[PDB]
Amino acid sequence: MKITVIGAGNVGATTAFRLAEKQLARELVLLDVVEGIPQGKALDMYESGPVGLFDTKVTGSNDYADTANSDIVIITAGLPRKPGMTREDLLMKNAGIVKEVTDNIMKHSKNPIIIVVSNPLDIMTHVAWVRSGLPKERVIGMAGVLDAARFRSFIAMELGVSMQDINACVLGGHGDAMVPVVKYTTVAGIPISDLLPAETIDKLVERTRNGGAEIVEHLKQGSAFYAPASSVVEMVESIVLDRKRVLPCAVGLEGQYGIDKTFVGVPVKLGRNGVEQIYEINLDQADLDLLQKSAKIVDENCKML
């Protein structure tokens, strides 16, 4: 198992390190455009192996040749969104980044599984997909796991119960595009609406909606990376160990939810072959409406490309 992580920033490096430690791959390549950084971090990670008890070969590079024949490729290239940036501005920029990166990895890696993390997630996962030339089942984006994670931690603070016993159902994208399904959000199998007032739930849902902005507001510069990295790894783990986890990821639909082709966040079974099954849950009218509406917006922006 060989894994390549494109982008040696906060999210890419944190992800590479976690992957190295869990020994999910014998070879891990950390690539970036800037010379130095990937070489440095990768070496720093490897040098921790004596203590972490892992022999994962972690190397840094600036040459896509080193990524040759990767079984899985994680794209975290780009840059968050400096304060004051425009939606369309970031879209064009990152669309370029993701396209360049994707064309490059396909030049040295055929049939890999691509996991996209770059923002705007839904569109970028689409972009990566179209450039990859692979079946949609091999290109997936990380977003829902992270939103579900924040949602769960907030519910945990509210009730004082372990986060391991909380399920948060989150479909769609981020911000107004996020579609949290309170109906399938449980605590030990019990729906949260059975336990908490609608008013409290609304607050938890909104904090989840702007969860990233909350981190940003504290860090002053940059953005969240521990939860995002952990989330990326959970997906990578299901694929490497063929666990068949059911996680909300950005995948290309083909009819489900009255949506076609567009990349939308939905519960899917992840295995060694990528998206092995897409679940179409019984959303309420409003949620299903928001989901179709947001997917339509994505469809538009994808034409702008």
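Residue numbers run from 1 along the displayed sequence.
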When mean C-alpha B-factors in the record are compared for 163-171 and 108-116, the larger belongs to 108-116
What stretch has the higher average Cα B-factor here, 292-300 or 20-28?
-> 292-300
Going by the entry, which of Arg150, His218, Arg87, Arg209 has the most elevated CA B factor?
-> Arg87
Name the one of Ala143, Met92, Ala229, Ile74 with the greatest CA B-factor according to the PDB entry.
-> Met92
Assert third(CA B-factor, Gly271) within chain per record equals middle
Report the third (lowest, middle or highest) to which the CA temperature factor of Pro191 belongs, ranking only the modelled residues of the same chain.
-> lowest
For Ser70, return the chain-relative third of its C-alpha B-factor as stated in the PDB record: lowest, middle or highest.
-> middle
With respect to C-alpha B-factor, does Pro248 fall in the lowest, middle or highest third of the chain as deposited?
-> lowest
For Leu134, does the deposited CA B-factor place it in the lowest, middle or highest third of the chain?
-> highest
